[PDB]
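# Got a sequence here, can you build the structure:
(8 chains, ligands or ions: 14)
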Amino acid sequence: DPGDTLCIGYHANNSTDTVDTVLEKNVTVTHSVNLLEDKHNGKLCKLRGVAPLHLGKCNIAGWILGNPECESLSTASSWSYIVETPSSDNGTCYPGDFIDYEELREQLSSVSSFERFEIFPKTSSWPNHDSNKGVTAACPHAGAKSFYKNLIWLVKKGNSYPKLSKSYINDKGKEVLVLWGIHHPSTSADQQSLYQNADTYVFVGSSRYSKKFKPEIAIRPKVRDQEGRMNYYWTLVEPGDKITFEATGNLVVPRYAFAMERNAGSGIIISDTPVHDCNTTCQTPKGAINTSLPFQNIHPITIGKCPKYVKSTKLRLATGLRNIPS
Amino acid sequence: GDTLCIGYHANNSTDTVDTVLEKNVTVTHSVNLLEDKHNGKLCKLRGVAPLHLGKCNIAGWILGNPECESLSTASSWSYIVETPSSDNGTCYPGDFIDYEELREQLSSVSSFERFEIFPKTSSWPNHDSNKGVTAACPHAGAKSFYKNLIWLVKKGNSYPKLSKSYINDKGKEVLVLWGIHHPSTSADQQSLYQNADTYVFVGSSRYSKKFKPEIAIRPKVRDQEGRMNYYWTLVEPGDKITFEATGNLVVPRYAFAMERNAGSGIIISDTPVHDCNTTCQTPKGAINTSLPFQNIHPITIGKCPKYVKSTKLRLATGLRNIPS
Amino acid sequence: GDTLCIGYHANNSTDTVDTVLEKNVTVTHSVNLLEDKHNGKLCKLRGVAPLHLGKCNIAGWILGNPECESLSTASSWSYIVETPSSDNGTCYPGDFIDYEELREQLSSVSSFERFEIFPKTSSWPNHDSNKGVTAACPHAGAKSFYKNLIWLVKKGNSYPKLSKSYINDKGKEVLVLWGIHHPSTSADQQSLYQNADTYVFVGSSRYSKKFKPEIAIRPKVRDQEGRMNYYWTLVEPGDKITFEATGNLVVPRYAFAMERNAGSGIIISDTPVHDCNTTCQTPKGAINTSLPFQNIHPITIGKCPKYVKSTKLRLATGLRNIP
Amino acid sequence: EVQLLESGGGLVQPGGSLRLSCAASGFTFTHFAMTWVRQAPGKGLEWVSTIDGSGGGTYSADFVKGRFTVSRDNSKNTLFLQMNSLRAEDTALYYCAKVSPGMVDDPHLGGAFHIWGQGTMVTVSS
Amino acid sequence: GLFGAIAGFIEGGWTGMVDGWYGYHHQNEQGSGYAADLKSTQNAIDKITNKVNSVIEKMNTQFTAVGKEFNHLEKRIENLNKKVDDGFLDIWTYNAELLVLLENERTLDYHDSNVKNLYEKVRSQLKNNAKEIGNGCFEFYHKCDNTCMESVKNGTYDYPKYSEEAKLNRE
Amino acid sequence: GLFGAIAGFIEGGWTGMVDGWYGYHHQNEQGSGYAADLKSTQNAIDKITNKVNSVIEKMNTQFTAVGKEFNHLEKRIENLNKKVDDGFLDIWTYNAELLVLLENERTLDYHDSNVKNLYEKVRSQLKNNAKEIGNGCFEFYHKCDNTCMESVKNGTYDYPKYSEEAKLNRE
Amino acid sequence: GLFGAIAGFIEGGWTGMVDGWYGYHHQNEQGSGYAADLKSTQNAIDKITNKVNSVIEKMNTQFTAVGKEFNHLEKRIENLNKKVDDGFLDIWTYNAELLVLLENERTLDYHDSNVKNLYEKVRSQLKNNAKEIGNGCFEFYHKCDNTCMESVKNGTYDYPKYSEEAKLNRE
Amino acid sequence: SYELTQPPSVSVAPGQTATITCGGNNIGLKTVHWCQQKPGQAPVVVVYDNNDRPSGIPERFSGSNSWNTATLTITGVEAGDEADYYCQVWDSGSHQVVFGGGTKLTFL
Ligand SMILES: *[C@@H]1O[C@H](CO)[C@@H](O)[C@H](O)[C@H]1NC(C)=O
Ligand SMILES: *[C@@H]1O[C@H](CO)[C@@H](O)[C@H](O)[C@H]1NC(C)=O
Ligand SMILES: *[C@@H]1O[C@H](CO)[C@@H](O)[C@H](O)[C@H]1NC(C)=O
Ligand SMILES: *[C@@H]1O[C@H](CO)[C@@H](O)[C@H](O)[C@H]1NC(C)=O
Ligand SMILES: *[C@@H]1O[C@H](CO)[C@@H](O)[C@H](O)[C@H]1NC(C)=O
Ligand SMILES: *[C@@H]1O[C@H](CO)[C@@H](O)[C@H](O)[C@H]1NC(C)=O
Ligand SMILES: *[C@@H]1O[C@H](CO)[C@@H](O)[C@H](O)[C@H]1NC(C)=O
Ligand SMILES: *[C@@H]1O[C@H](CO)[C@@H](O)[C@H](O)[C@H]1NC(C)=O
Ligand SMILES: *[C@@H]1O[C@H](CO)[C@@H](O)[C@H](O)[C@H]1NC(C)=O
Ligand SMILES: *[C@@H]1O[C@H](CO)[C@@H](O)[C@H](O)[C@H]1NC(C)=O
Ligand SMILES: *[C@@H]1O[C@H](CO)[C@@H](O)[C@H](O)[C@H]1NC(C)=O
Ligand SMILES: *[C@@H]1O[C@H](CO)[C@@H](O)[C@H](O)[C@H]1NC(C)=O
Ligand SMILES: *[C@@H]1O[C@H](CO)[C@@H](O)[C@H](O)[C@H]1NC(C)=O
Ligand SMILES: *[C@@H]1O[C@H](CO)[C@@H](O)[C@H](O)[C@H]1NC(C)=O
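Residues are numbered from 1 along each chain as shown, chains lettered A, B, ... in the order given. Ligands and ions are numbered 1, 2, ... in the order given. I have put the structure below:
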């Protein structure tokens, strides 16, 4: 009243937001933005407007190989994830080593056009080799012995195994994945009684990929009631060249190839997180992230155009001034 | 009354910098930390002449492709130039095993004299050397082959067990290349090499592998149904390299005395080569700057700046330029 | 008169720091963030005694070299010490197949117990075990061979089809080691293993390979013209391993019950080993500091600081020192 | 020494048949690809058909139109040829030649005819 | 702080005000209440949101699969991936923590700067007419109505017209 | 800015002088024209060039071939290389673009501090002899020739010798 | 510096006192000697050592074996490891060097601001009673016995009590 | 498909260089097996490749395949060089053997 005071001050409110400075450690601020999003939607959802793939109780080996335990999934035409459960024990059923396994799991991760096409029809493409007598107890389906759907495990037909010759001139304009197998029996008697020839070679030329395979016949410790291994191989057929399957013996020749145009750049998420339909910029195994913020703490494994993983807990940027209520 | 105003200067400069608080602000002076200019010439790195293969790649120059005679190798080079259209490399179909790291090791060599471990005139008495030329490797019309390798044939009706060793006596890592031929048919296998089964053991004090043909009909590449698979090793300055084969061996006519100097890379560009003095070299163009950041190209060889995605990296050394 | 003149502390200190504006400015107090002191003694990390192979490397110690037996094998260690001059490793020439990543796996263990996976006394009835001695490993001037492996040779005039299995019953990853002999000539092959064709098969639930000799004369290395490639596998708890061989097999006398703990590295230095307690260790010397930046050595193992190329990272703590 | 031999037929009307053979001797027969070449009396040489050493993949000219098929028998060291005479223009001296080992490309087949067999007259006409 | 207005000679924040980050309080005979400046608060919040956007959008990433999958024969490569991911983890954690420890002493130093500069502009307009009583306030020496409240808040104070009243009251 | 010099009391730069970054304006009866302060401009441009040479020189590096070449069967290693290159790209872009956004603010704040401290130095030398108007202007209560122009610009001012004349003028 | 206190008007540090980083000198008729501010120096050392504990503690390094061993045939993976190590070395050296050249500058500007704010608080408590002479010194216009010494040093000053005594001075 | 064309006859003076040409498509990427035929004789090979000569055959017979034509470049003709000179090539594209009409050169 003696003087009309015109005090200068700063806004304060009832805010418990705390930020860490380089001088003090707990200070309260009026407003702040959280640069470390610590919230996930909990649903394995889309990137790029495209449904992520779900194998469920199946892995990439079982999916591509054609496991009768993960056929219930509906094949899509594009995906930015390959969802697997942490268990995923229903993959390769017959014991063996998937040769170049993680390379293939990395290649077929962001396919733009996946149309499984019957490269060699089971009805007509194999006249001289038995194709129905190739079921094993390693893949049981409905309690009866079965085998992979995308691969045919050829056996001697009658009493002889003719020198298989079969070529596929790629005429689809995109890379064609061809996955065959080589069977290594536990006993030379198994080799003779399954494939008439004993000194058996299998050559798979691609005009860029050349390699000859031979059996490793020896008794092994039992894995899933099978004493033999079955090595899986694959190659990328270029959109214009040929693939040649010359084989006088052990060969699980492919029923189905897989036409593919690779976007490249995505990976595999392994979680029991349920899949729903969403629209997200990033997805981790612990749940997706719909934020524009710079840093994220959810999971190290991040597939997408999404924030950098840190170990922080409070990356709170205090846009507002110091809150000192009185 | 008199006046003693304290102010800052302004000019007609229109250089713009961005701060955390305000972007697109003009400053009187500024220095560009982002070198966006390059001479556009693949000039000399360190102080020596970079190699230029022209219409060749490393798998064609080192093998001795007939289309690689134009290039000259005389002294140390800092990096290897390939045109992106360079397809005159391996002129016989096949995969060069251990290819990319051989490219990496051979990127920069301090002492490279292309000498002859086994002279073609005298080192192979009992084998036929003239017949090893192919229509898949033309030089000028007629069939030719690699100069640095000899692809052997049975002489008459026999391929004797080749056994010839090179005791390295030069004080430098002698780089050796050989080939193993995989015929399309077993008839080709026998009609080239008298032995049906042909091991090729190549030994050293450190490297030992046995090689066998993979005889089957491949799809045609360069009008050839067979592959020709290449190997290499580094002979140490004092050890031995034993070459043993009963067939399917492509012996080294010319080896390569080599001394690696700190390693470098390979630059693939259409850029012409001139003589300059550049500390850093990108495929788009050579840079001589001490400036910390660049945006020309990620793949860089030398004491190069860091590649960034920015377009305006200027330190605002002058004041805020507010004229009038 | 009278005054209260505000001033700032100065002293006789000569510590210099570098600000971005001005260089070599003196400050009253400074906290050094770049330690240049190392104790120069390879000492204990995580409270566990580091392994010392002395004049021996991982290949020699793991294969059972007759030169580096003097070391007392422990049950746990943080890292493996090798002299830069330690060359007593694979005495018989050859390529250790899968060498560097086995060294990576075997860098640190929680429970390492050497045990007789197949005792020499009784596990090989039909093969000659004493005859497998070579001049590549001399011990006290006499021909010997590895202690952890037996270089089996035909007993009498025949090499039977060696069948021998180990069902892992110890609950930890049993590390199994075998060698495959590649003779110099076919005469050596016949006089050693009696068979021209000899496959060696080592099966497991995740490992299966078939080995064959590469018989050819080689340049002499350590007075031997033949190679001895070493292979290995990690048998899982409860797993099985199967050794089948018609010849050219150097069977495991001793395997090693083993469990990994987060993996580690190998410290190669001339530094003596002493008893200490250090959070970080480098070949030059162990680093017991709580500071973020080091300059001693790039190759570091432990909860180590980050390596820089700097020499003066003095963080200013006190004021500008103008006396 | 390498001595390729001939056997043929004298005269057969168009619509008949006759047998040609090349009984090679003096070398390893299984591993060299045999041929057949003919010439009109006063005209340049023209090729009939090659065979593979394994007795498998066979190659033949364009004038045959599928009638002429060379067959290889490795066991008895003798080559066979099918003259199922259906046309009257096939008058020539029939030579069997041996393909020497080639040079890199097409080794078994694209090699010089170092050893040329002699010629057995085969004339067809009404 | 470094500029000494926030928690300096202005010790207490104001809970009555809602309009802006910075503001004034007037206790003239015509009224009372907290009233902010649109210009100062708007340009300050524009610069702060520009700062936050500089933290955010200048962090541009690409479509990268951070997860890599390795089998057991490649453990040197697996630990190389682990060292790459962990070194990126230490770099990004340390840079992010120290960026949010230094930029969060610079945002508060900037708010300190704005409060200090508002105080300096007030004493530059008011000159000797309004004594500085402390608490960030200005104890006037004339009966200044709401019109000159608006003039000081707008930066258009006319010093000579109240010179006579201020000099007679200052005695 | 933070210190309130550029766009604070003084808003417009001077196109007349190109002698230095900071300068004056003497308008005495003996002459006129702009004249830069030699010592402040020299030590400020020295510290600024030291800042630039610190940003440039401390980034000293060694001979590294950035580009690596991989085949088709090594695609995980190829994407590991791509992740290494892209992670270095994000680290270097977000610590050079954001570093430039920080250092540019620090440099214009250093220019703020130099102009503000030169202002404060002139206030300290002249004490109350001049009437502070803003824009760096000092309304002289004494007829100050070029000699006292030079003395104030140098840094030493004899206050008592002009104090009595300033008192009689401001009376 | 940026705030103009250390090496600004206050040109010299003081070796007489060791009690604290900041301090005073009293030339009272009762006694003499340098006497520090306990609270100011306490919060100063607390904040500075909090800077040190932040640059130390926020750098959290987990158990990583940096050394990896590669043979000759994997020279590409060896150079990839070398590029990873060289990139980490360049990043850590550049950020550590520039971090030191910026934290040193921030720490010294913090000491600038602490000395400057001590000066500002002193001229706020004494108001016009003190007479600024430069070098940070404050010449009084009254006796100001050791009680008045302690009152100014603590932070509470009774200006009206000595107002008349200072009114005797300056006519 | 693949065509070989040669001169019906080539004229040459005794002791002068005689050139015999087997033209056609790009015969450089193709092995030419030159062989002469005297009347009442079988083809005796004189150059069994691009450039190399068999034993028992005089040195003057030489061959040099080129971009489109093969040249049996005899350096000096004599009385024993009057014959029909055929050229034999194995066509890789169509898997054929194609001869030519040959050159009935006369030394006059
Ligand atoms: C703060 O107080 C206001 C009073 O209007 C109230 O609306 C608001 O909910 C309070 N905030 C909290 C976090 O309690
Ligand atoms: C800061 O606040 C946190 C969270 O409430 C509390 O746990 C901690 O004790 C406080 N003090 C420090 C020094 O971190
Ligand atoms: C699928 O997994 C179950 C256990 O979850 C196992 O019993 C079954 O045999 C598996 N089937 C195949 C085909 O792998
Ligand atoms: C984002 O997904 C939402 C959720 O269904 C949908 O409404 C929207 O169309 C999507 N945007 C696209 C696909 O561009
Ligand atoms: C994602 O978040 C934005 C705001 O950041 C919001 O507008 C949008 O609806 C959200 N979308 C989904 C699918 O949750
Ligand atoms: C800007 O001013 C400078 C200095 O007076 C002068 O040299 C130049 O011509 C002017 N104009 C331009 C476009 O740079
Ligand atoms: C800054 O100015 C440039 C002039 O080229 C313009 O392109 C850009 O859009 C401006 N940016 C903003 C944020 O106004
Ligand atoms: C060189 O490249 C050209 C262009 O494709 C190709 O036609 C030619 O066959 C190549 N020659 C060799 C010797 O590789
Ligand atoms: C730089 O290169 C130029 C051009 O080739 C040459 O003349 C000069 O000597 C070089 N300078 C040095 C210091 O090597
Ligand atoms: C690059 O080289 C030229 C010589 O052509 C030299 O004069 C110039 O200074 C160099 N550029 C820089 C930016 O140093
Ligand atoms: C500095 O002076 C102190 C006493 O103030 C004394 O203890 C110390 O030893 C001196 N330091 C040096 C380096 O002389
Ligand atoms: C051990 O190394 C020494 C040289 O250091 C060598 O002479 C000796 O033969 C080696 N012994 C074995 C068993 O390798
Ligand atoms: C460190 O090791 C020493 C060895 O002397 C031991 O006494 C001490 O207890 C250890 N410290 C801890 C915390 O384990
Ligand atoms: C490690 O350093 C700390 C801190 O200086 C010290 O207390 C401790 O004794 C040191 N330990 C050893 C073993 O040197």
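
# Enumerate the residues of chain A near chain G.
Where chain A comes near chain G, counting by Cβ under 8 Å from any Cβ of the partner chain, the residues are A:22-25, A:311. Quick note: C-beta positions are derived from backbone N, CA and C, even for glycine.

# Which of those ranks first by neighbour count?
Counting neighbours by other Cβ atoms under 10 Å in any protein chain shown, the top entry in those is residue A:22, with 24 neighbours.

# Make sure it is actually in contact with residue E:100.
No: the pair residue A:22 / residue E:100 is not scored as a contact, 9.4 Å apart, by Cβ atoms under 8 Å.

# Surely residue E:59 is within a strand?
No: assigned with DSSP: H, G, I helix; E, B strand; the rest coil, residue E:59 falls outside any strand and is coil.

# residues touching it, list them.
Residue E:59 sits next to A:294, A:307-308, F:90, F:94 when contact means Cβ atoms under 8 Å, 6 or more residues apart in numbering or on different chains.

# do that again at 6 Å, thanks
Applying Cβ atoms under 6 Å, 6 or more residues apart in numbering or on different chains to residue E:59 gives the contacts A:294, F:94.

# List just the nearest of the residues of chain A next to chain G to ligand 8.
Closest to ligand 8 out of those is residue A:311 (53.7 Å), distances taken as Cβ to the nearest ligand atom.

# Provide a list of residues in contact with the closest one.
By Cβ under 6 Å, 6+ apart, the contact set of residue A:311 is residue E:93.

# I'd like to know how far it sits from residue A:270.
22 Å (Cβ to Cβ, to the nearest Å).

# is it true that residue E:84 lies in a helix?
Yes: assessed with three-state DSSP, residue E:84 lies in a helix.

# Next one: it relative to residue G:80, how far apart?
Separation of residue E:84 from residue G:80 (Cβ to Cβ) stands at 9 Å.

# Could you do residue A:197 as well?
Separation of residue A:197 from residue G:80 (Cβ to Cβ): 44 Å.

# if I pick residue 73, what's in contact with it?
Assuming you mean chain A. Counting by Cβ under 6 Å, 6+ apart, residue A:73 has contacts residue A:55.

# That was the other one, I meant chain H.
Counting by Cβ under 6 Å, 6+ apart, residue H:73 touches H:19, H:62, H:64.

# and the closest residue to the second one other than its chain neighbours, what helix or strand is that in?
It stands for residue H:62. Of all residues not flanking residue H:62 in the chain, residue H:73 sits nearest, at 5.2 Å (Cβ to Cβ, 6 or more residues apart in numbering or on different chains). If you go by DSSP states H and E, residue H:73 is part of strand H:70-74.

# Can I get the helix or strand that that strand is followed by as CSV, trimmed to CA atoms?
As assigned by DSSP H and E, the chain's next helix or strand after strand H:70-74 is strand H:84-91. Below are the C-alpha coordinates for strand H:84-91, written out as CSV (Å, rounded to 0.1, in the frame of the first residue of the first chain):
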residue,chain,number,x,y,z
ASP,H,84,42.1,-79.8,-99.8
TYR,H,85,42.5,-78.2,-96.4
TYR,H,86,39.5,-78.7,-94.1
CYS,H,87,38.8,-77.0,-90.8
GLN,H,88,37.2,-78.9,-88.0
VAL,H,89,35.6,-77.2,-85.0
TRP,H,90,33.3,-78.5,-82.2
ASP,H,91,30.4,-76.1,-81.9
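
# ok, and what's touching the following helix or strand past strand H:84-91?
Following strand H:84-91 in sequence order, the next helix or strand is strand H:96-98 (DSSP H and E). Around strand H:96-98, the neighbours that count as contacts under Cβ under 6 Å, 6+ apart are D:47, H:2, H:4, H:90-91.

# thinking residue A:90 is in contact with residue A:56, fair?
No: taking contacts as Cβ atoms under 6 Å, residue A:90 lies outside contact range of residue A:56: 8.6 Å.

# how close does the closest residue to ligand 12 within chain D get to residue B:181?
Here the residue of chain D nearest ligand 12 is residue D:104; by Cβ to the nearest ligand atom that distance is 47.2 Å. Separation of residue D:104 from residue B:181 (Cβ to Cβ): 9 Å.

# Could I get the full set of helices for chain A?
A:60-65, A:101-107, A:188-194 (DSSP state H).

# what's the most buried one of these?
Greatest average neighbour count among the helices of chain A goes to helix A:60-65 (a mean of 24), per mean count of other Cβ atoms under 10 Å in any protein chain shown.

# what does that helix contact?
Helix A:60-65 is contacted from outside by A:55, A:70, A:90-92, A:98, A:105, A:148, using Cβ under 6 Å, 6+ apart.

# hmm, try it at 8 Å
Residues from elsewhere that reach helix A:60-65 (Cβ under 8 Å, 6+ apart): A:55, A:69-70, A:73, A:82, A:84, A:88, A:90-93, A:98, A:101, A:104-105, A:108, A:148, A:150-151, A:177, A:179, A:232, A:258, A:268.

# Endpoints of stretch D:54-71, how far apart?
Stretch D:54-71 stretches 11 Å from its first residue to its last (Cα to Cα, to the nearest Å).

# So which bits of it are buried?
The neighbour-count check on stretch D:54-71 (16 or more other Cβ atoms under 10 Å in any protein chain shown) flags D:54, D:57, D:59-61, D:64, D:68, D:70 as buried.

# From these, which land in strands?
Those of those mapping onto strands are D:59-60, D:70, per DSSP state E.

# Looking at these, spot the one nearest ligand 9.
Ligand 9 has its nearest neighbour among these in residue D:59, at 60.9 Å by Cβ to the nearest ligand atom.

# partners of that closest one in the sheet?
Taking DSSP bridges as the rule, residue D:59 bridges to residue D:50.

# Of the ones in strands among the buried residues of stretch D:54-71, which is the nearest to residue D:23?
Residue D:23 lies nearest to residue D:70 out of those, by Cβ to Cβ, at 14.4 Å.

# what about the closest residue to residue A:174 other than its chain neighbours, how many residues close to it?
Closest residue to residue A:174 apart from its sequence neighbours, by Cβ to Cβ, 6+ apart: residue A:261 at 4.6 Å. Residue A:261 has 15 neighbouring residues, counting by other Cβ under 10 Å.

# correct me, but residue A:261 touches residue A:111?
Yes: counting by Cβ under 8 Å, residue A:261 touches residue A:111, with 7.0 Å between them.

# For the residue of chain E most remote from its centre, give me its contacts.
Farthest-out residue of chain E from its mean C-alpha position, per Cα atoms, centre = their mean: residue E:73, at 56.5 Å. Under the criterion of Cβ under 8 Å, 6+ apart, the neighbours of residue E:73 are C:98, C:101.

# just to revisit the earlier point, show me what the residue nearest to residue H:62 is bridged to.
Per DSSP bridges, the residues bridged to residue H:73 are residue H:19.

# so how far is ligand 12 from it?
Distance, residue H:73 to ligand 12, by Cβ to the nearest ligand atom, to the nearest Å: 66 Å.

# element containing residue D:112, please.
Applying DSSP H and E, one finds residue D:112 in no helix or strand.

# Phi, psi for it please.
Phi and psi for residue D:112, reported as degrees, to the nearest 10, are phi -70, psi 150.
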